[PDB]
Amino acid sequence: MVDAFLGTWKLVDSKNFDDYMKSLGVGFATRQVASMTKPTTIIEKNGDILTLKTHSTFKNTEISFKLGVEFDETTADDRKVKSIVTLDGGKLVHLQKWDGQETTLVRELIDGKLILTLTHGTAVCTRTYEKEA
């Protein structure tokens, strides 16, 4: 169930995040700070509304959405985007569209860990989170 995603997750591994951030035009000073943060992802539900928070020493984000229903998102870097989150093959797929561009944030559970794959053009970043109590 989507319920297996719920809770508090701490970053334990990251691959190619700098490439992903460069692909979105994130400036070098922000990429430097973000390369060292170890954010917390919190996923909560109330009926069919999910809330996904990310917390770090650099930045906070939060979105709420109904699965399979489009929402407007102002991203952390002030992209004004059209978004949707869905379950697809048991993975939580978050698609953002703006200016004919797309990025996907795909979350899945493997051996109790949460694996986030971030794709924008050719850039693919894999980030691994472990559950907190």
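The first residue of the shown sequence is 1; numbering continues from there. Take the two forms, superpose them, and find the largest set of C-alpha atoms that agree within 1.5 Å; that set is the rigid core.
Superposing the other copies on the rigid core and comparing 76 to 84 to 91 to 99, farther C-alpha placement in 8 other deposited structures of this protein marks 76 to 84. Stretches compared: 95 to 103, 63 to 71. Higher mean C-alpha B-factor in the entry: 95 to 103. For the pair 31 to 39 and 85 to 93, the mean B factor over Cα atoms is greater in 31 to 39. The residue among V124, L11, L116, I110 whose C-alpha atom has the highest B-factor in the PDB entry is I110. Per the deposited record, the Cα B-factor of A76 falls in the highest third when ranked against the other modelled residues of its chain. Per-chain ranking of the deposited C-alpha B factor places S56 in the highest third.
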